[PDB]
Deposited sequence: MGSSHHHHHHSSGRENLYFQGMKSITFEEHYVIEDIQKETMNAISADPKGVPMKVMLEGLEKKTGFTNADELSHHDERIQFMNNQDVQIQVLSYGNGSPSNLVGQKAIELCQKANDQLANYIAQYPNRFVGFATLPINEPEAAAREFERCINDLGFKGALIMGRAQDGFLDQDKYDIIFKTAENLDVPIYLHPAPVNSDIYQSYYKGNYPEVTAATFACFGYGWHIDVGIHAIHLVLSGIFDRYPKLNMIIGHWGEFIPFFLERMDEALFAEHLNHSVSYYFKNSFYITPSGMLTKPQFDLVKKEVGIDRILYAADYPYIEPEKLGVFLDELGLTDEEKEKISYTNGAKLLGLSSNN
């Protein structure tokens, strides 16, 4: 059974010099992984050091270059890849125009945004245009982690242990996942999904802790200004992926909280190269219908394939 994978990364060497298997030129290594793991399509997004974290004209020009080079690559292998836009978030009106260009000119099927803006989370009024654009284009936004701000690193992650421990704790060990979950909650609480009810967002790492507390948020997080309960937005406007963390207890929690229709597959290639990607869905006690949904059908519907 073939899959569509949603959190698969690339970088461009020349863009990296300005800002190894992640390099877009490493085509054969990418295809070997996909073929061996029964992956039909990788949805490609910029990886480490994305130009989306830069400011002004430089951020604009480097995102345009990344998107153009990605589109040239997909045009060579159109049956195996779909593109997600890289946006200069620190320039929101320019980001919304680049989003439109990616969808309408480049044939991309959404955007992946790493971290947050230089001035905070994307619930701020100035970023509303990005979400409005995504709904208008009928495409999702994948909200991905990135390094936390220095004030969070110093308050929460530095402690009585080595610096390498503090850095990994702040990043992929825990911290940047806590951060992206909080960012996604800001988006819900700000009413983005009441303004743009057809908008869908995607989050990785089994929901960035959010599914652990859905029932508790409905009971304890006061949000009477929204049209729906807090949990409703995660069940109806979000999709969740594993990001190559192929662990059953988290899958079971996510299935009970959001349901099978909201789960998409993802490997986090090449930062994770999960050897069990092609067999994991067979170890969860799922029906063939459920396996088909997670592997390809939920994603094919979302991407309009």
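Absent C-alpha positions map to the deposited sequence ranges 1 to 21, 41 to 67, 354 to 357, in order along the chain.
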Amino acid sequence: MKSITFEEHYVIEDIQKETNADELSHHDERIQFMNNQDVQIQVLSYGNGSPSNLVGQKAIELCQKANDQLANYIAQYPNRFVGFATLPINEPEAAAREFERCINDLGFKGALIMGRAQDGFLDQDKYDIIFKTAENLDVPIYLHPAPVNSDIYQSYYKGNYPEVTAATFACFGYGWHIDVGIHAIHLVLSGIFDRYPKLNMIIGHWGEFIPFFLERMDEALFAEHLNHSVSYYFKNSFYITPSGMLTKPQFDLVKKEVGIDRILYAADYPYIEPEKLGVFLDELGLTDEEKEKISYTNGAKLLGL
From here on, numbers count along this sequence of modelled residues.
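Of the two stretches examined, 147 to 155 and 106 to 114, the record assigns the greater average C-alpha temperature factor to 147 to 155. As the entry records it, the average C-alpha temperature factor is higher for 230 to 238, out of 201 to 209 and 230 to 238. When the C-alpha B-factors of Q250, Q42, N53, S45 are ranked from the entry, the top spot goes to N53. Per the PDB entry, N136 shows the highest C-alpha temperature factor of the residues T165, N136, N160, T86. Among all modelled residues in its chain, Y77 ranks in the highest third by Cα B-factor.
The PDB entry assigns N20 a C-alpha temperature factor belonging to the highest third of its chain's modelled residues.
Ranked against the other modelled residues of its chain, the C-alpha B-factor of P92 as given in the entry falls in the highest third. Among the modelled residues of its chain, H26 has a C-alpha B-factor that falls in the highest third, as given in the PDB entry. Sorting the modelled residues of the chain by their CA temperature factor places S243 in the lowest third.
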